[PDB]
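Chains as they are written, first to last, in PDB author numbering: chain A, 1 to 306; chain A', 1 to 306. A prime marks a further copy of an entry chain.
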């Protein structure tokens, strides 16, 4: 037993991380088969980032202006292409450590592991959520650009995120591996509104089910509610509206615990209205929304990768 | 910027995990050079665990009664030895993936990464603390025994923990890699008192410094205090006494932020006495004690491994 915010084992991704240098700028790349993927802003100076013309900046770059190092190994760049906000550097060597992999664009509220890297070297791994407003709350210092987010299903790495920007508000923005930003963000050093964020209701309910399974049940109450009644409370507390699709995804946790999803909703309503009264749930004094229903089932059933 | 509970990259440890089977019992082992390390209770049935005579149980086992599988690879066991609560199985093949490594016995309040494994397969990685009472609050299901805790310093893995037991209270107990339990625990299915736990004061102060660096400064107050005055408050709230060694370890964070350690102590006193008044610090509604001063410096300065 016990419940922890757990990242995927990072070894399959560690083997793909490289350093990319273009003139004065160094950041991280992702070496898969004979292609290195990195943020296109590797071609910018500090001054360029105020208002970059990426097409004009990239035209002044040749294959030989991209230095790619895999630990000690120097890779030879034989092609370059810009796709949306990513650069694809064709190299003459297929990465011998390339795992089975897919590129996926995740939905708001989904979770993934980040391997934070500097100079192509991994520093640490943590689990987070794509916020409803398409930001992430990460730990990213100067040099972390090109660090990637991923999920693992047995032996297959699904890459969903590449780190590009810290907004002036201190939250983080990036792209899928086709270089399309999540949310309205652009790769320019400018004021950018993230927009109202909401709490991921279906995740909070999943984590309340994890709490019950682990013996934390003080918050289970006498009451039930309806989808429309609960959603009136969701609106007032800036929670995502609960849909029947969300109820259906919670079905397996409802079955295991014998607690109907709308009964767990009435428990959550009472917590939103009355607060936690100085108590904790799974070691937290607030309502946690960075576990998906799938996360809770995985952790609670000990599922494995390789 | 941003601050997250970050685990070490797990790839160097993933390459060392194996499945160990002795009759009916399967758990995890750690393959380093030509030695596999696992919990000695791999030789017990459910019934044995009530009151095992490990010396008598092990005498009935030969080399060929230990099945060791490294993914698809079957290893040949050519020796077995019991050291304290661990079994050392000599195998005929040195692990080709053996990283540079040390065995360390950590101090209460120190942190480490756990690679949770089932059937010799890694499922996830998380950071935790050795509690002052020598328990850990992990996520460990049936089959997780033999999962290991570790730190990494550049290219060297320091193994500090091997998982052995869940206490009836749902907290976790284990050994160093010489098989010596942390705390008073034994590898027997019996009622075992963990003893009063305390909060790791020096860690809470480190995390308050991380908060200030990241812009969370609402809790910084008008007051200072003394070591003896603060320790009177520490006693009342079940916090570890602060010593001058703890002050000295906090020196670099005091220097970076310009906040004297005793001034940060008076901030912490006010939080202990008045609570958080429904506010948060680095996304937490309680006082976090699973970051060491070294953890905060590492994360805040982007230090790297390989």
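C-beta: ideal position from N, C-alpha, C; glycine also.
Query raised in the report: When the cut-off is 8 Å and only beta carbons count, does residue 100/A lie next to chain A'?
Result: no
Report task. Could you tell me the boundaries of the beta strand (DSSP E) in which residue 41/A lies? Result -> Where residue 41/A is concerned, there is no enclosing beta strand (DSSP E), given that its DSSP letter is neither H nor E.
Requested in this report: Evaluate residue 239/A with the Cβ neighbour count: other Cβ atoms within 10 Å of its Cβ, from every protein chain shown; 16 or more gives buried, anything less gives exposed.
Outcome: buried
Query raised in the report: Out of curiosity, what's the CA-to-CA distance linking residue 291/A' and residue 63/A?
Result: 44 Å
Requested in this report: Put residue 90/A' into one of helix, strand or coil per three-state DSSP.
Outcome: strand
Requested in this report: Can you give me the start and stop residues for the alpha helix (DSSP H) that residue 27/A' sits inside?
Outcome: That residue, residue 27/A', is in no alpha helix (DSSP H); its beta strand (DSSP E) goes 25-32.
Requested in this report: Report yes or no: do the stretch 113-123 of chain A' and the stretch 135-149 of chain A' share at least 3 C-beta pairs separated by less than 8 Å?
Outcome: yes
Query - Boundaries (first-last residue) of the alpha helix (DSSP H) holding residue 266/A - result: 261-274
Query raised in the report: Are the CB atoms of residue 143/A and residue 302/A' nearer to each other than 8 Å?
Result: yes
**Report entry** Minimum Cβ-Cβ distance from residue 285/A' to chain A less than 8 Å
**Finding:** yes
**Report entry** Contact list for residue 138/A' against chain A, beta-carbon separation under 7 Å
**Finding:** 2, 4
Query raised in the report: Tell me which same chain residues have a C-beta within less than 6 Å of the C-beta of residue 249/A, skipping the five on either side of it?
Result: 293
Query raised in the report: Is any heavy atom of the ligand PLP found at a distance shorter than 7 Å from the C-beta of residue 261/A'?
Result: Absent from the structure shown: the ligand PLP. Ligands present: none.
Query raised in the report: Hey, would you say residue 36/A' sits closer than 8 Å to residue 150/A', going by beta carbons?
Result: no
Query raised in the report: Taking C-beta to C-beta, are residue 318/A' and residue 159/A' nearer than 8 Å?
Result: Since the first residue shown for chain A' is 1 and the last is 306, residue 318/A' is missing from the structure and cannot be characterised.
Query raised in the report: Taking the beta strand (DSSP E) that residue 173/A' falls in, what are its first and last residues?
Result: 172-175
Requested in this report: Along the beta strand (DSSP E) that carries residue 287/A, what are the first and last residues, could you check?
Outcome: No beta strand (DSSP E) contains residue 287/A, which DSSP labels as neither H nor E.
Report task. Below 6 Å CB to CB, which residues in the same chain sit around residue 224/A' once its five sequence neighbours on both sides are set aside? Result -> 262, 263, 266
**Report entry** Members of the stretch 168-179 of chain A near chain A', C-beta cut-off 9 Å
**Finding:** 170, 171, 172
Report task. Name the residue from 17/A, 279/A, 269/A whose alpha carbon lies nearest to the alpha carbon of residue 124/A. Result -> 17/A
Query raised in the report: Any beta-carbon of chain A' closer than 8 Å to the one on residue 8/A?
Result: yes
**Report entry** Beta carbon of residue 218/A nearer than 8 Å to that of residue 279/A
**Finding:** yes
Query raised in the report: What are the residues that DSSP puts in a beta bridge with residue 58/A?
Result: According to DSSP, residue 58/A bridges with nothing at all.
Query raised in the report: In angstroms, rounded to a whole number, what distance separates the CA positions of residue 156/A' and residue 53/A'?
Result: 36 Å
**Report entry** Beta-carbon spacing of residue 187/A', residue 164/A' below 8 Å
**Finding:** yes
Requested in this report: Please list the segments of the alpha helix (DSSP H) lying wholly inside the stretch 155-224 of chain A', counting only runs of 4 or more residues, in order along the chain.
Outcome: 201-213
**Report entry** Minimum C-alpha distance to residue 81/A' - residue among 133/A', 38/A', 221/A'
**Finding:** 38/A'
Query raised in the report: Bridge partners of residue 153/A', per DSSP?
Result: 156/A'
**Report entry** Sequence ranges, beta strand (DSSP E) only - wholly within the stretch 60-120 of chain A, length at least 3
**Finding:** 66-70, 73-75, 77-83, 86-91, 100-103, 111-118
**Report entry** Separation of residue 122/A' from residue 45/A, as counted between CA atoms
**Finding:** 41 Å
Report task. May I ask you to list the residues that DSSP assigns as paired with residue 7/A? Result -> 125/A'
Report task. Establish whether the CB of residue 123/A' and some CB of chain A are separated by less than 8 Å. Result -> yes
**Report entry** First and last residue of the uninterrupted alpha helix (DSSP H) at residue 296/A
**Finding:** 293-301
Report task. Out of 76/A, 42/A, 166/A, 295/A, point me to the one whose CA is closest to residue 22/A's CA. Result -> 42/A
Query raised in the report: Is the CB of residue 201/A' under 8 Å away from at least one CB in chain A?
Result: no
Query raised in the report: For the alpha helix (DSSP H) that contains residue 256/A, what are its first and last residues?
Result: 251-257
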